[PDB]
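Q: This is the structure I want to talk about, given as structure tokens.
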Amino acid sequence: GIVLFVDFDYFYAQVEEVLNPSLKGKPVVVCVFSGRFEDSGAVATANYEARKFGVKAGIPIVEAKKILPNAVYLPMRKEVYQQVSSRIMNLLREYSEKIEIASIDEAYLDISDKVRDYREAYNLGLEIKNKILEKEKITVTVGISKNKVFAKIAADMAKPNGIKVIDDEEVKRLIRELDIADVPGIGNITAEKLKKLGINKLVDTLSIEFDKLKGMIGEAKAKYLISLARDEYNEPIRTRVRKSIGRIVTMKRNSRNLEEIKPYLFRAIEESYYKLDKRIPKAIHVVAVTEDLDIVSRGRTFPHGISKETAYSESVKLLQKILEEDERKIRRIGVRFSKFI
DNA sequence: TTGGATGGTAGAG
DNA sequence: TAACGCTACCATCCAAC
Ligand SMILES: Cc1cn([C@H]2C[C@H](O)[C@@H](COP(=O)(O)OP(=O)(O)OP(=O)(O)O)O2)c(=O)[nH]c1=O
Ligand SMILES: *Nc1ccc2c(c1)Cc1ccccc1-2
Ligand SMILES: [Ca+2]
Ligand SMILES: [Ca+2]
Ligand SMILES: [Ca+2]
């Protein structure tokens, strides 16, 4: 069982550095500007130079500019990053047929039949890094271990431009020593609940009553953590199948005017339908983000596919439903399609 | 004598 | 002053031959 994981370094920011080499080695911040006012929106990512000053994914641009006014702030050019991603993902395909594309910049390869051992796996990781750097001038981090979770943890430890093997002995050390927060899938909310059960390390999960852990974090996550801690997790590398395709836009001003909201919604539908690429959806959900950033959605599922024209009229009724059942003003509006034929 | 649809939550982007 | 995107999972529920 040998899994090689690839995660591209500071991805959007690094693509902008390849396009404009004068950027390299100084703070670069990639932003989602939203329209609302001067510099409204959020950071998508930033290069490591900018991160030293606290700028990173998620924070508002106005806050980034407070702690790092000097940097290059660039509008996110998603189309260009997807082009670069697709070419790299096709390079990776050449090293293994068992590949799992996990995100715009992540893929797992099952190389159990390609290499005899970790030493050979490591050499293959360098070949992959070299090839990607040659073809795309993009640095990446490679993580290598016995399963997906530890391969991803290996890349986290080695980031940026790194390569790391976590061998059987180091897996045992991490079960003992790794802060549970740093386990994939364990976020702030789950971690804090675990903090209450005395669980700080993966190994702590072995001594706890299974139903107290279940009653706290739910069946799936409890099973997940115990399996990892047991050194048994062995989930297969499988092709990811798109389940939903959606778009959400920020309105210039908050509104409850249907006619004022509709153009944004239709734009979201038009854009969603372009990305569907031959897929035919049987479900549609409208999403409204209210003034206080609560997320509200209403959907409808048909026994048959939804035509683009049908989506327009159905989305209107879903938005009328939200507007009738929630009095708060809408700030963001979007649509999602799912249950593809 | 359990299940698809429903809307909300949490997080490996 | 807080984007954009998408999966897995969770409760809840109104239907159950
Ligand atoms: C986390 C995050 C990522 N992204 C996008 C931009 C990132 O470049 C891309 C990949 O996500 P990540 O791999 O999480 O981040 P990264 O590649 O920018 O940085 P790192 O070196 O630490 O791996 O996805 C967002 O748009 N918003 C986000 O909140
Ligand atoms: N990024 C993003 C885009 C569209 C949608 C979400 C996120 C959540 C959601 C829920 C219902 C419909 C559409 C969307
Ligand atoms: Ca990355
Ligand atoms: Ca990533
Ligand atoms: Ca975490």
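Q: Within the range A:173-190, take every residue that is loosely packed, with under 13 Cβ neighbours inside 10 Å and not aliphatic (A, V, I, L, M) and give me the one that is farthest from A:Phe150 (Cα to Cα).
A: So in the range A:173-190, the residues loosely packed, with under 13 Cβ neighbours inside 10 Å come out as A:173, A:176-177, A:179, A:185, A:187-189.
Filter again for not aliphatic (A, V, I, L, M), leaving A:173, A:176-177, A:179, A:185, A:187-188.
On the way: A:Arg173: 12, A:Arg176: 14, A:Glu177: 13, A:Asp179: 14, A:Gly185: 12, A:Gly187: 17, A:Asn188: 20 Å.
My answer is A:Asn188.
Q: Then there is this: Could you say which residue among A:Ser272, A:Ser244 is within 21 Å of the chain's Cα centre (by Cα), surrounded by fewer than 16 Cβ atoms within 10 Å (Cβ to Cβ) and under 22 Å from A:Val32 (Cβ atoms)?
A: Values: A:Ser272 fails: surrounded by fewer than 16 Cβ atoms within 10 Å (Cβ to Cβ).
A:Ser244 is the lone residue from the list that is within 21 Å of the chain's Cα centre (by Cα), surrounded by fewer than 16 Cβ atoms within 10 Å (Cβ to Cβ) and under 22 Å from A:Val32 (Cβ atoms).
Q: Further question: Is one or more of the residues making up the range A:80-101 assigned to a strand (DSSP E or B), within 16 Å of ligand 3 (Cβ to nearest atom) and not acidic (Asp, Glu)? Steps first, please.
A: First, pick out the residues of the range A:80-101 that are assigned to a strand (DSSP E or B): A:99-101.
Cutting the leftovers down to within 16 Å of ligand 3 (Cβ to nearest atom) gives us A:100-101.
Checking which are not acidic (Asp, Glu) leaves us with A:101.
Yes, because at least one residue in the range A:80-101 is assigned to a strand (DSSP E or B), within 16 Å of ligand 3 (Cβ to nearest atom) and not acidic (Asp, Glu).
Q: Condition first: more than 21 Å from A:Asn161 (Cα to Cα) and within 16 Å of DNA strand B (Cβ to nearest atom). Now tell me which residues in the range A:75-98 satisfy that.
A: A:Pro75, A:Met76, A:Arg77, A:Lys78, A:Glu79, A:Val80
Q: Could I ask something else about it? A:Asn70 is checked against (1) within 13 Å of ligand 1 (Cβ to nearest atom); (2) assigned to a loop (DSSP other than H, G, I, E, B); (3) of a type in the set (S, T, N, Q) and fails just one. What number does that condition carry?
A: (1)
Q: Let me ask something else. Please specify each residue of the range A:1-22 satisfying the condition of being under 13 Å from A:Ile138 (Cα atoms), β-branched (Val, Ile, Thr) and outside any helix (DSSP H, G or I).
A: Hit for the range A:1-22 is A:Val6, nothing else.
Q: How many residues does the range A:292-306 contain that are away from DNA strand C (no atom under 14 Å from the Cβ) and surrounded by fewer than 12 Cβ atoms within 10 Å (Cβ to Cβ)?
A: The total comes to 2.
Q: Oh, and also: Any idea which of A:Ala102, A:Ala42, A:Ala71 is under 30 Å from A:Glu120 (Cβ atoms), surrounded by fewer than 22 Cβ atoms within 10 Å (Cβ to Cβ) and either in contact with a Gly (Cβ under 9 Å, 6 or more places away or on another chain) or in contact (Cβ under 8 Å) with a residue 40 or more places away in the chain (or both)? Steps first, please.
A: Details: A:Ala42 fails: under 30 Å from A:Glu120 (Cβ atoms); A:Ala71 fails: under 30 Å from A:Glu120 (Cβ atoms).
Only one candidate passes the filter, namely A:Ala102.
Q: Let me ask something else. Would you please name the residue that is nearest to DNA strand B (Cβ to nearest atom), looking only at residues in the range A:2-32 that are surrounded by fewer than 16 Cβ atoms within 10 Å (Cβ to Cβ), more than 21 Å from A:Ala158 (Cα to Cα) and not β-branched (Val, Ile, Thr)?
A: A:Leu19
Every number here is computed from the coordinates shown, using simple stated rules; none is lab data. When we count neighbours, we look across all protein chains shown, and the Cβ atoms used for this are built from the backbone with ideal geometry, even at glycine.
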